[PDB]
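Okay, so here's the structure we're looking at.
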Amino acid sequence: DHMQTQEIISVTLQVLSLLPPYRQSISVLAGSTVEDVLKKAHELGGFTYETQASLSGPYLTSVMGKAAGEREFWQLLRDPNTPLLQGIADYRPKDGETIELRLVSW
Ligand code: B12
Ligand SMILES: C#Cc1ccc(F)cc1F
Ligand SMILES: [Ca+2]
C-alpha cells in the first residue's frame with residue numbers, strides 16, 4: 001500500500017567526524033541532488049551546513065558548525081566508503097543510498 005514508484009525517495013545522511021555524530025533518514029523528491037538532501041535536513045531541524053559559490057558550482061565549506069580549515073575538506077561519500085565523483089549540486093543519490101560528509105585532512 002506504500003508508495004513504491006519512487007516519486008519520494010529516502011537518503012540517509014551521516015556525519016561521523018563530529019561528536020555528537022549525526023545520522024538521519026532524509027526523504028526528498030526523486031532526482032534530488034546531495035545539496036537538496038542537505039537543504040531538507042536543515043529544514044527538518046537539527047542539521048546545518050554552509051557552502052561557497054564557485055565557477056565549478058557550490059563547494060561545501062562547513063557542516064554542523066565545523067568549517068574546514070587549512071588543508072582540510074569535507075569529503076562526500078556514498079556506500080560503501082566510496083568518495084563521490086561529483087559535487088553536491090550534481091550528484092543525485094539513489095533511493096536508499098547513504099551519503100556521508102567526512103572531514104579529511106591532507
Ligand atoms: C585538487 C582537487 C581537489 C582538492 C582542492 C584543494 C586545493 N587545490 O586547494 C580537494 C581535495 C579539496 C578537492 C575536493 C573535492 N573535489 Co576535487 N579536484 C581537485 C583537482 C584534482 C585539481 C583542481 C586544481 O587544482 N585545479 C587547478 C586550479 C588552478 O584551478 P581552480 O579552478 O582554482 O581549482 C579549484 C577547484 O577545482 C576547487 N575544487 C576542487 N574540487 C572541487 C569540487 C567541487 C564540486 C567544486 C565546486 C570545487 C572544487 O579547488 C581548486 C583549488 O581552489 C580537480 C581535477 C581538475 N579538474 O583539475 C578536482 C575535481 C574538481 N574535484 C572533484 C570532486 C568531485 C571533488 C569532491 C566532491 C570529492 C569528494 N567526494 O568529496 C570534493 C569537494 C566536496 C566539497 N567539499 O564540496 C571533481 C569535480 C567534478 C564535478 N564538478 O562535479 C574533479 C573535477 C575531479 C573529478 N573529475 O572527479 N578537490
Ligand atoms: C578531487 C579530487 C580527487 C581526489 C582523489 C582522486 F584520486 C582524484 C580526484 F580527482
Ligand atoms: Ca505498500
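Here's how to read the names in the C-alpha cells: chain A, B, ... by the order shown, residue numbers from 1 in each chain, ligand numbers from 1 in the order shown.
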
Backbone DSSP call of alpha helix (DSSP H) for chain A, listed as a ChimeraX atom specification: /A:34-44

Could the residues in this selection be written to a file with N, CA and C atoms, as a compact mmCIF listing (two decimals), in the first residue's frame?
```txt
# COMPACT_ATOMS: atom_id res chain seq x y z
N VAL A 34 22.51 15.91 -3.80
CA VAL A 34 23.01 15.93 -2.42
C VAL A 34 22.69 17.26 -1.76
N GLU A 35 22.85 18.36 -2.49
CA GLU A 35 22.53 19.66 -1.92
C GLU A 35 21.05 19.73 -1.51
N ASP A 36 20.15 19.16 -2.32
CA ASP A 36 18.74 19.10 -1.93
C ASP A 36 18.56 18.32 -0.62
N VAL A 37 19.32 17.24 -0.44
CA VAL A 37 19.28 16.48 0.81
C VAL A 37 19.73 17.33 1.98
N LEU A 38 20.82 18.08 1.80
CA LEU A 38 21.30 18.96 2.86
C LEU A 38 20.25 20.02 3.20
N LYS A 39 19.61 20.60 2.18
CA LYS A 39 18.59 21.60 2.40
C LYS A 39 17.43 21.02 3.20
N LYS A 40 16.99 19.82 2.82
CA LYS A 40 15.89 19.18 3.54
C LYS A 40 16.27 18.88 4.97
N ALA A 41 17.47 18.34 5.18
CA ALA A 41 17.90 18.04 6.54
C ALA A 41 17.90 19.31 7.39
N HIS A 42 18.32 20.43 6.82
CA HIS A 42 18.27 21.68 7.58
C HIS A 42 16.84 22.10 7.86
N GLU A 43 15.98 22.00 6.86
CA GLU A 43 14.55 22.37 7.01
C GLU A 43 13.87 21.54 8.09
N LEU A 44 14.23 20.27 8.21
CA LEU A 44 13.61 19.38 9.19
C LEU A 44 14.03 19.68 10.61
```

Env. residues ligand 3 / 7 Å / only C-alpha atoms and all ligand atoms / as an MDAnalysis selection string: chainID A and resid 1:4

Could you pull out the residues sitting within 10 Å of ligand 2, using only C-alpha atoms and all ligand atoms, and write them as a PDB file with C-alpha atoms, in the first residue's frame?
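Done, and the output landed in pocket_18.pdb:
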```pdb
ATOM      1  CA  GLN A  75      34.541  14.836   1.626  1.00  0.00           C
ATOM      2  CA  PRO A  83      34.008   9.134  -2.489  1.00  0.00           C
ATOM      3  CA  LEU A  84      31.665  10.856  -4.917  1.00  0.00           C
ATOM      4  CA  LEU A  85      32.944  11.921  -8.331  1.00  0.00           C
ATOM      5  CA  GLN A  86      30.625  14.961  -8.445  1.00  0.00           C
ATOM      6  CA  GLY A  87      29.874  17.830  -6.096  1.00  0.00           C
TER       7      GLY A  87
END
```

Near-segment 52-62 of chain A list (9 Å; only C-alpha atoms; drop same-chain fewer than 3 positions) as a list in words: residues 35, 48, 49, 65, 66, 67, 68, 69, 73, 74, 75, 87, 88, 89 and 90 of chain A

Residues flagged strand (DSSP E) by DSSP in chain A, as a ChimeraX atom specification: /A:8-15,22-29,49-52,59-63,66-67,72-78,82-83,98-105

12 Å contact set for residue 18 of chain A, only C-alpha atoms, chain neighbours under 3 positions out, as number ranges by chain: A: 14-15, 21-23, 62-67, 74, 100-104

For the selection you just gave me, I'd like the residues written to a file as a tab-separated table (two decimals), in the first residue's frame, keeping N, CA and C atoms.
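Listed below is the output, again03.tsv:
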```
chain	number	residue	atom	x	y	z
A	14	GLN	N	24.75	11.11	6.98
A	14	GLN	CA	25.51	10.85	8.20
A	14	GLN	C	26.78	11.68	8.25
A	15	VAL	N	27.13	12.11	9.45
A	15	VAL	CA	28.36	12.84	9.74
A	15	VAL	C	28.95	12.22	10.98
A	21	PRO	N	27.74	12.66	16.77
A	21	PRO	CA	27.55	12.38	15.35
A	21	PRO	C	26.11	12.63	14.93
A	22	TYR	N	25.90	12.66	13.62
A	22	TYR	CA	24.59	12.86	13.03
A	22	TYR	C	24.28	11.70	12.11
A	23	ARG	N	23.07	11.15	12.21
A	23	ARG	CA	22.62	10.17	11.23
A	23	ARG	C	21.10	10.22	11.16
A	62	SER	N	31.34	23.92	5.40
A	62	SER	CA	31.07	23.77	6.82
A	62	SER	C	29.89	22.84	7.00
A	63	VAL	N	29.99	22.02	8.04
A	63	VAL	CA	28.96	21.05	8.38
A	63	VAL	C	28.75	21.09	9.89
A	64	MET	N	27.49	21.27	10.31
A	64	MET	CA	27.13	21.30	11.72
A	64	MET	C	28.04	22.24	12.50
A	65	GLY	N	28.33	23.40	11.90
A	65	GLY	CA	29.10	24.44	12.55
A	65	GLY	C	30.60	24.29	12.50
A	66	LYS	N	31.10	23.21	11.91
A	66	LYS	CA	32.52	22.96	11.81
A	66	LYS	C	32.98	23.28	10.39
A	67	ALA	N	33.71	24.38	10.25
A	67	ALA	CA	34.24	24.77	8.94
A	67	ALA	C	35.58	24.10	8.69
A	74	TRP	N	35.64	18.89	3.59
A	74	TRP	CA	34.51	17.98	3.76
A	74	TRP	C	34.38	17.10	2.52
A	100	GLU	N	27.61	10.22	3.26
A	100	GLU	CA	28.42	10.64	4.39
A	100	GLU	C	29.19	11.91	4.05
A	101	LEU	N	29.28	12.83	5.03
A	101	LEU	CA	30.14	14.00	4.98
A	101	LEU	C	31.24	13.78	5.99
A	102	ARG	N	32.49	13.80	5.54
A	102	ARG	CA	33.63	13.37	6.34
A	102	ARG	C	34.72	14.42	6.26
A	103	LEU	N	35.22	14.86	7.40
A	103	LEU	CA	36.25	15.91	7.41
A	103	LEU	C	37.62	15.25	7.26
A	104	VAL	N	38.27	15.54	6.15
A	104	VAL	CA	39.50	14.87	5.75
A	104	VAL	C	40.62	15.90	5.63
```

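The interatomic distance for the pair atom CA of residue 96 of chain A and atom CA of residue 12 of chain A works out to 7.1 Å.
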
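Counting only C-alpha atoms and all ligand atoms, the residue from A:16, A:28, A:99, A:11 that sits nearest to ligand 1 is A:99.
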
Selected residue of minimal separation from residue 31 of chain A among A:79, A:50, A:70, A:7, counting only C-alpha atoms: A:7

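Among the candidates A:5, A:17, A:24, A:51, the residue lying nearest to ligand 1 is A:51 (atoms considered: only C-alpha atoms and all ligand atoms).
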
Neighbour list for residue 10 of chain A as JSON, numbers by chain, cut-off 8 Å, only C-alpha atoms, skip fewer than 3 positions in-chain: {"A": [25, 26, 27, 28, 95, 96, 97]}

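The coordinates place atom CA of residue 94 of chain A at 10.9 Å from atom CA of residue 8 of chain A.
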